[PDB]
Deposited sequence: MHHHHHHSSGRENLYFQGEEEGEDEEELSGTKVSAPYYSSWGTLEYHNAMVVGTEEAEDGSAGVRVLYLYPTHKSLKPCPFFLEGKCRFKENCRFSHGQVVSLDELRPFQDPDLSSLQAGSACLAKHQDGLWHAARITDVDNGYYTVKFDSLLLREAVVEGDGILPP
């Protein structure tokens, strides 16, 4: 699989396009790709570590994501995140140590370092760089 590792924009079911990564080629009934969504917001969207190695017990009911098969025609280019609008008080999605993107709020911005206050009471304040923050 030569296409494996390609960053793209894939349709996620309302219709919304989200950044994804091509895992491999697979028929949809047209020629398609199996993709994994880049920014998981729930545990079920986290990529399955065992599936990517061909060692998962599950085919449909795994705790983690095995991705979605989309037709080549439905794919769009990878949409690079725009952090220009993101300032103090802006709502955002910030990456936590648990590996998920949680709803947060920027409390400060200092030369590409964003201090975020997570909406969830169970999560501490944190400092993230541009690779750990997304516009809402």
Check your understanding: Which deposited-sequence positions, grouped into ranges, are missing C-alpha coordinates?
Key -> 1 to 25, 39 to 42, 58 to 59
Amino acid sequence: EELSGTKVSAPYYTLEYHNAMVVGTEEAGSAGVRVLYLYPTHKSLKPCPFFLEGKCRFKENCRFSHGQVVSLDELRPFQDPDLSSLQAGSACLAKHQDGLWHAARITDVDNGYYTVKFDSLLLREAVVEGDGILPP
From here on, numbers count along this sequence of modelled residues.
Check your understanding: Averaging C-alpha B-factors over each stretch, which comes out higher, 83 to 91 or 49 to 57?
Key -> 83 to 91
Exercise for review: Please work out which of 105 to 113 and 32 to 40 has the higher mean CA B-factor as recorded in the PDB entry.
Suggested key: 105 to 113
**Study point:** Ranked C-alpha temperature factor of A20 among modelled chain residues, by third
**Key:** lowest
Point to revise | CA B-factor ranking of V8, expressed as a third of its chain | key: lowest
